[PDB]
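Okay, so here's the structure we're looking at.
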Amino acid sequence: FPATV
Amino acid sequence: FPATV
Amino acid sequence: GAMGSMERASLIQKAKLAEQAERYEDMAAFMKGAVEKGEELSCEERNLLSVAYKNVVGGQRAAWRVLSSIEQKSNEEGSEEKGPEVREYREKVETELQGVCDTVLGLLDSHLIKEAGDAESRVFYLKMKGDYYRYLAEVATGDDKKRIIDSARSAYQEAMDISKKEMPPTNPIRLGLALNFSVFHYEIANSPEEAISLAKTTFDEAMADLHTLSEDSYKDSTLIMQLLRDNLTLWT
Amino acid sequence: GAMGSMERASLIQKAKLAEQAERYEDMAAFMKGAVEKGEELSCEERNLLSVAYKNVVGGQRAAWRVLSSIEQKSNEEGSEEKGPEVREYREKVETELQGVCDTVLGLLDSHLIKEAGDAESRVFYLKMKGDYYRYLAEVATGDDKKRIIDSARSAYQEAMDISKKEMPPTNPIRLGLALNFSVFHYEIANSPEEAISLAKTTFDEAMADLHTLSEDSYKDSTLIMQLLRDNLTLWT
Ligand SMILES: COc1ccc(OC(C)(C)C(=O)Nc2cccc(-c3csc(C(=N)N)c3)c2)cc1
Ligand SMILES: COc1ccc(OC(C)(C)C(=O)Nc2cccc(-c3csc(C(=N)N)c3)c2)cc1
C-alpha cells in the first residue's frame, strides 16, 4: 500500500 | 511471560 | 450515547488509557462520547479522536481486503463454487466499515467542522472528512460511488486551499493532508499524474522551508516528507 | 443465539474466513454458533473454537495487564491521585474478560465435555476448562479466588489422568496440557517446584518416544517440547 497518515 | 498454548 | 453520564475529562483520560492498552474500539467510543459533549476539541484531543478511528477502520479495511481477494479468486474461471458465504461475510465487514465511516462523518458534520475556525482545527477535520469518504469510496460500487468520490475530493480541496493560505509548507497537518490527497488521486480518482505532481511539489516546498524550524519541528516535518518520497518511489 | 439461523457448515466456513481476516471476535461468535448446533466437534473444529477464544481472551489479558500496572503505580507512595478512572476502566476490561471466560466455560459445560468420549476430544476440552478457569484466576481477588484456582486444578488434573492413560507421551494435546498445567503451578498455585518437575518429566518422557514418530508428527511434538524447555530455562 502507499503511505497515508 | 512463560509459554502456554 | 452510552457515554452521556461520564465526565468529559474522564472520557479523555480513558481514551488515553485505552490507547496504551491497544483497545481502539474503546478508545473510539470514549472519544465519540467526548465529542458529543459539544465543546470544541484541543489539538491533543483531535489527535486522540483520529488515532482511535484510524485504528478501528484500519483493521476493518485490512479484513475487507483479505475477504475481497478471497471472493475474487472464488469468482475466477475454474473455481469451485463455495456458496454465498464469502460474499455474505465480506458484506458484513463492509457494512460495519461503512457504519464506522458514517459515525465519524457524522461527528464532523455535527458539529466539529462548523465550529472549527482556526486553520489547524479546520484543516484537520476537513482532512478527516476526505479520509473517511475515501474509505467509503474504497468499497463503493453503486449509484453513489461517483458522489462519494467527489465528496472526498471536495473536502480535501477545501482543506488544501486553507492549508496553502494559512500554514507554512512544513506544517505536519498540511503535509499529511497532501500525502493523503495524493494517495486519493492515485488510488481512487485514477489520476496518477496528479498524485505524483502533488507529492513532488509538496516535498520540494517543504524542503525549502525546513531552515526555519527547530530541531523538534524539523523531525516532525521530515518524517512526513519521507512518506511523500516513499510514495514517489513506489510510483515512478 | 444470533447465529441460530445460519447453517452449521456456513458458520464453520465463516470462522475460517474470519481467522484469515484476523477478525477473532467474529471467529469466536461463529464457532459459538456452531457449538450451539448441538453436534460434537471434529478435531479441526475444536481447534477453530480454541484459536478464536484464545485470541479474544489473549487481547483482553494483555489489556488488563497494562491497566493493572498503571493502576498499581497510581497507588504507590508518592503518586498524584488521578481519580477513579484507571480502576473503573480496568474493571470494565476485567468484567468483559470474565464474560468471555464464562461463555467458553458455558459451552464446555453445555454440553461439549459430557459428550466427549474419545481421549483426544475429552482431554482437549478439559484442558480448555483448566485454561479458562486459570484466566479467571489471574484477575480474581474475592471470596471465590481459591475456588476458581481449585476448579482450574481439578480440570487440568482430570485431563492429565486421561492423557497419561490414553495418549502417547508425544501427543501434542498431552504436551500442551502439561505445558499449561506447569504454568498454572508456577504462576497461579505458587508451586514453582511442581511446575519445574512437571515440565522436565514431560519433556524427558516425550524425548524417549520421538523415535516412534513420522517426520510430520516429530515436528509437531518437538515444537511444544521446545516451549517446555523455554519455560524451564526461564525458571532455573
Ligand atoms: C491527521 O493528520 C496527521 C496525522 C499524523 C501526522 O504525523 C504523525 C504521524 C507524526 C503524528 O501523529 N503527529 C502528531 C502531531 C501532533 C500531536 C500528535 C498526538 C497528540 S496526542 C497523540 C496520541 N496518539 N495519544 C498523538 C501527533 C501528521 C498529520
Ligand atoms: C489446546 O491445546 C493445544 C493447542 C495447540 C498445540 O500446538 C500447536 C500450536 C502447534 C497447534 O496449533 N497444533 C494443531 C494441531 C492440530 C490441529 C490444529 C489446527 C486445525 S485447524 C487450525 C486453525 N488455526 N485454523 C489449527 C493445530 C498443542 C496443543
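Every chain in the C-alpha cells takes a letter, A first, then B, and so on in the order presented; its residues are numbered from 1, and the ligands are numbered from 1 following the presented order.
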
- Residues of chain D no more than 8 Å from chain C, counting only C-alpha atoms: send them over as number ranges by chain. D: 10, 13-14, 17, 20-23, 62-64, 66-67, 85-86, 89

Those residues you just picked out, can you put them in a file as a compact mmCIF listing (two decimals), in the first residue's frame with N, CA and C atoms?
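Below is the file out_4.txt, written as the result:
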# COMPACT_ATOMS: atom_id res chain seq x y z
N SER D 10 -21.91 -23.31 7.23
CA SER D 10 -21.63 -21.91 6.91
C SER D 10 -20.91 -21.21 8.06
N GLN D 13 -17.31 -22.39 7.87
CA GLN D 13 -16.67 -21.69 6.75
C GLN D 13 -16.34 -20.25 7.13
N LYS D 14 -17.29 -19.55 7.74
CA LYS D 14 -17.03 -18.16 8.09
C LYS D 14 -16.02 -18.03 9.21
N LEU D 17 -12.80 -18.04 7.44
CA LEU D 17 -12.61 -16.74 6.79
C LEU D 17 -12.22 -15.66 7.79
N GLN D 20 -8.62 -15.88 8.70
CA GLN D 20 -7.73 -15.33 7.68
C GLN D 20 -7.73 -13.81 7.70
N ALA D 21 -8.86 -13.21 8.07
CA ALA D 21 -9.01 -11.77 8.18
C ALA D 21 -8.57 -11.22 9.53
N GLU D 22 -8.10 -12.07 10.44
CA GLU D 22 -7.72 -11.68 11.80
C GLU D 22 -8.87 -11.00 12.54
N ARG D 23 -10.08 -11.50 12.33
CA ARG D 23 -11.29 -11.00 12.96
C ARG D 23 -11.72 -12.03 14.00
N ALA D 62 -3.91 -9.04 27.86
CA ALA D 62 -2.85 -8.08 27.65
C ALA D 62 -3.30 -6.69 28.05
N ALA D 63 -4.53 -6.33 27.69
CA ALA D 63 -5.05 -5.02 28.09
C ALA D 63 -5.16 -4.92 29.60
N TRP D 64 -5.71 -5.96 30.23
CA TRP D 64 -5.83 -5.98 31.68
C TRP D 64 -4.48 -5.81 32.37
N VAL D 66 -1.73 -4.28 31.21
CA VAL D 66 -1.34 -2.88 31.05
C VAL D 66 -2.06 -2.02 32.07
N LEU D 67 -3.39 -2.16 32.14
CA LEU D 67 -4.18 -1.30 33.01
C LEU D 67 -3.88 -1.58 34.48
N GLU D 85 -10.73 6.71 37.51
CA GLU D 85 -10.87 6.31 36.11
C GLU D 85 -10.04 5.07 35.78
N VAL D 86 -8.81 4.97 36.28
CA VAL D 86 -7.99 3.81 35.96
C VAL D 86 -8.62 2.54 36.52
N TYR D 89 -11.78 1.63 34.50
CA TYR D 89 -11.56 1.09 33.16
C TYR D 89 -10.92 -0.30 33.25

- Contacts with ligand 2 at most 6 Å, only C-alpha atoms and all ligand atoms counted, listed as a VMD selection string: (chain B and resid 5) or (chain D and resid 44 47 to 48 51 172 to 173 176 220)

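As for CA of residue 203 in chain D and CA of residue 225 in chain D, they are spaced 5.9 Å apart.
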
- Neighbours of residue 106 in chain C within 10 Å (only C-alpha atoms; same-chain residues fewer than 6 positions away dropped), as a PyMOL selection string? chain C and resi 100+112+129

Write the residues of the preceding selection, restricted to N, CA and C atoms, as a CSV table (one decimal), in the first residue's frame.
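Result went into part-v3.csv, see below:
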chain,number,residue,atom,x,y,z
C,100,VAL,N,-18.8,2.7,10.7
C,100,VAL,CA,-17.8,3.5,11.3
C,100,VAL,C,-17.5,4.8,10.6
C,112,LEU,N,-18.3,19.4,14.5
C,112,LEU,CA,-16.9,19.7,14.7
C,112,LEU,C,-16.5,20.7,13.6
C,129,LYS,N,-12.6,14.3,7.0
C,129,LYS,CA,-13.7,14.2,6.1
C,129,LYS,C,-13.3,13.6,4.8

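Our summary of the geometry notes that CA of residue 180 in chain C is positioned 24.0 Å from CA of residue 35 in chain C.
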
- May I ask for the distance between CA of residue 121 in chain D and CA of residue 150 in chain D, given in Å to one decimal place? 22.2 Å

- Residue contacts of range 151-160 of chain C (8 Å, only C-alpha atoms) excluding same-chain residues fewer than 2 positions away, as number ranges by chain: C: 122-124, 126-127, 129-134, 147-149, 162-164, 174, 177-178, 181, 184

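Minimum distance to chain A across C:222, C:182, C:201, C:95 (counting only C-alpha atoms) occurs at C:182.
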
Quick one: which residues from chain D are at most 8 Å off chain B, using only C-alpha atoms, as a PDB file with N, CA and C atoms, in the first residue's frame?
ATOM      1  N   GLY D 176       0.766 -30.021  25.273  1.00  0.00           N
ATOM      2  CA  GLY D 176       0.281 -28.669  25.536  1.00  0.00           C
ATOM      3  C   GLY D 176      -0.456 -28.568  26.858  1.00  0.00           C
ATOM      4  N   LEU D 179       2.337 -28.444  29.452  1.00  0.00           N
ATOM      5  CA  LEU D 179       2.895 -27.095  29.414  1.00  0.00           C
ATOM      6  C   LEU D 179       2.054 -26.122  30.231  1.00  0.00           C
ATOM      7  N   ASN D 180       0.759 -26.087  29.950  1.00  0.00           N
ATOM      8  CA  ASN D 180      -0.123 -25.108  30.579  1.00  0.00           C
ATOM      9  C   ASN D 180      -0.361 -25.413  32.059  1.00  0.00           C
ATOM     10  N   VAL D 183       2.538 -24.149  33.868  1.00  0.00           N
ATOM     11  CA  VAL D 183       2.427 -22.700  34.083  1.00  0.00           C
ATOM     12  C   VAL D 183       1.416 -22.385  35.185  1.00  0.00           C
ATOM     13  N   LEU D 227       8.881 -25.351  23.790  1.00  0.00           N
ATOM     14  CA  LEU D 227       8.236 -24.461  24.754  1.00  0.00           C
ATOM     15  C   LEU D 227       8.444 -24.927  26.195  1.00  0.00           C
ATOM     16  N   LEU D 228       8.357 -26.232  26.438  1.00  0.00           N
ATOM     17  CA  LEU D 228       8.667 -26.746  27.762  1.00  0.00           C
ATOM     18  C   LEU D 228      10.090 -26.375  28.181  1.00  0.00           C
ATOM     19  N   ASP D 230      11.924 -23.915  26.978  1.00  0.00           N
ATOM     20  CA  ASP D 230      11.971 -22.468  27.154  1.00  0.00           C
ATOM     21  C   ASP D 230      11.507 -22.077  28.549  1.00  0.00           C
ATOM     22  N   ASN D 231      10.402 -22.670  29.012  1.00  0.00           N
ATOM     23  CA  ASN D 231       9.919 -22.340  30.348  1.00  0.00           C
ATOM     24  C   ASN D 231      10.911 -22.797  31.411  1.00  0.00           C
ATOM     25  N   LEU D 234      13.577 -20.322  31.641  1.00  0.00           N
ATOM     26  CA  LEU D 234      13.104 -19.146  32.352  1.00  0.00           C
ATOM     27  C   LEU D 234      13.115 -19.351  33.857  1.00  0.00           C
TER      28      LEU D 234
END

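Minimum atom-to-atom distance to residue 221 in chain D, evaluated using only C-alpha atoms, belongs to D:175 out of D:208, D:175, D:12, D:57.
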
- Item | All alpha helix (DSSP H) positions in range 67-206 of chain D, as a PyMOL selection string | chain D and resi 67-74+85-107+119-139+145-166+172-183+192-206
